[PDB]
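Okay, so we've got a single protein chain in two different forms coming up as structure tokens, structure 1 first and structure 2 after it.
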Structure 1
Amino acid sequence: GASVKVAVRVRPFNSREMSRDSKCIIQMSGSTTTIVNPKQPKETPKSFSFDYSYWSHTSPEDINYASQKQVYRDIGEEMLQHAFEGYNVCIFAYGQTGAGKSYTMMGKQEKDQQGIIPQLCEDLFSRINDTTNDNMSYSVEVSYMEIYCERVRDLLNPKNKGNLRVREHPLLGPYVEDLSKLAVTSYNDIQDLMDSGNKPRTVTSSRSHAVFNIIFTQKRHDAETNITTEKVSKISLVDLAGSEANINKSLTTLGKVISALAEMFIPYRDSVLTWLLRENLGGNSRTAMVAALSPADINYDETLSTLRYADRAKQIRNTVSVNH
């Protein structure tokens, strides 16, 4: 029994917003985020409470600013530790187009702005390499895919122009048939794959989803008999397309799955995204949602919609057990 962790993050104004002289309608204090409706200024502002509240509207010179490193060391390290404990984990970024989902998950591979995914990978390998018990050995395999109009593309295998089939293994759940799963032995190798994968994405409103998966295997060697008990945790880091057809089936279905789970049949199979993430939503997985928010008055409805779906997500609870 573990509830879905939910964080909200508000970014700086973008060019569109500055050009319309947008005012900031988002306020944050502690774990409370309040949104002002520019349309009805005298109506009571709506407040929401979340596990994490990242005020990233200003800049690093600000004392209360939430940087990439701070967002990661917070929710990121939390989930990585769960993976070390043997739990499957998932972190997905959700929000309006341009709200800051990719910046939070991937960031920029330059000076100081790496997002959750690169940092977690670096942290994962750093920890593995600091192991001092020779009875422990590890394996790290990675997969990276894109879901566009219900079709799946293998980002680590651009050579291939066929969309992979999402299937249901009779006993082990959903999987992408013939999706590349590469073993990596260093942060540098996994980062090259990440960079290669990011470049083959399409290709400026995204309407594809990106799923970066890591299969982290921990092998404990028992000295006396020679059996090696395995510990496997799947780490799924998701960067969703923004919210505003076959192009939008996945996002709408996710909304319904999230609402249904919060309400407690579920249309998991109604879309490739919810099908593949079935166990992370209501299964054996420690899951977190990072809701990206625009700070601008002009996006009140979209932002309010995001806050509401993030509020429901908070109510989801999943039965978790360590994979030993």
Structure 2
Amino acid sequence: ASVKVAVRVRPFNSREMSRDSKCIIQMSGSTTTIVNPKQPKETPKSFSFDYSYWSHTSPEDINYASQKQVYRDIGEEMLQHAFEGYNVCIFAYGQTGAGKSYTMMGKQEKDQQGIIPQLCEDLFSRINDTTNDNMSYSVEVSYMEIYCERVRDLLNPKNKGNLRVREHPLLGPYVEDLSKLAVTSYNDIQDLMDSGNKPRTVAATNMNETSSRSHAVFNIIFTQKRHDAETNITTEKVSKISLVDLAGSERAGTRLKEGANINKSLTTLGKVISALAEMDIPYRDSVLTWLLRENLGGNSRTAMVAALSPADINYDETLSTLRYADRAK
């Protein structure tokens, strides 16, 4: 489908433990229900999505949506679409602390790797097992943060902050001077991910709290070169894969300019995705949607995973997230 939407509820976090929070989220099949802690006698509000992932307990539970399960449902098919020659995009949306980064990047031990590392590993595994000498590939990667209309290159510590998105008169949007590195193995792209993830949480990022107030975009340019025994000509097939970890949705203590930009960005993205779902568009209303325009076109495939806190104390924000995800359909 043109657009796929999933929601995922995580285990209680420290804040919720400290408040003795009750779980107000329940899931069954494709449906997620949310209880209003102040109106517990009511029938919970219900929402249906392509996927409703119950990740509130732990991998020890038979009924726990693992990193692997999430990837195999959404990531795997997006990768397949990329191999067919089309652009794809996966967005993680939701309140700060809901589980966006965990879902997209995840962790290392007990292999809690998220969508991005799993997709990258899958990509290279498929490439290396290629047993057709007429097929060769190239994998180029860019990793950046979009904060208040400015782009930060997470793969270049020296540059720092500042880049601007521009519109080439004929070739579309691009970030001037943004690093685009060729990678020939999973280990190498994993080194880049690690380095970039490190950059997102260094001490200085706490000044403007960019780990939660900026949009992190991991881009892969996948080129497939097909050789012809006869004619000896090579036809190319380029696919653009954009894996995005959005700024916290509650921020849409917040600076007026920060909030304005995050609100505008998340709001425009919602309009874009809803339009794409309707066909199966004001891209320049925000830098995020402008830069990703070609990944959000009629030919592209997009998916969103909306992270949810399970706690009573976040009812309002969680309901807002469910409604946002619902509209994206």
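Only residues modelled in both forms are compared. Think of the rigid core as the biggest set of C-alphas that the two forms share within 1.5 Å after superposition. Along the sequence of structure 1, residues get numbers from 1 upward.
- With the core fitted between structure 1 and structure 2, just one of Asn213, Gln96, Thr253, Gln119 shows a Cα displacement of at least 2 Å, namely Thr253.
- Once the rigid core is used as the reference frame, the Cα position of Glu110 differs between structure 1 and structure 2 by 2 Å or more.
- For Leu281, a C-alpha deviation of 2 angstroms or more is recorded between structure 1 and structure 2 after rigid-core alignment.
- Core-superposed comparison between structure 1 and structure 2: the Cα of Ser29 travels less than 2 Å.
- Superposed on the rigid core, the forms differ at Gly173: its CA is offset by 1.7 Å between structure 1 and structure 2.
- Taking the rigid core as reference, the CA displacement of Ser271 between structure 1 and structure 2 comes to 2.4 Å.
- Summarising the core-aligned comparison between structure 1 and structure 2, the C-alpha atom of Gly162 is found to shift 5.0 Å.
- Regions where at least three consecutive shared residues each shift by 2 Å or more at the C-alpha between structure 1 and structure 2, after core superposition, span 42 to 44, 109 to 111, 245 to 264, 266 to 271, 277 to 284.
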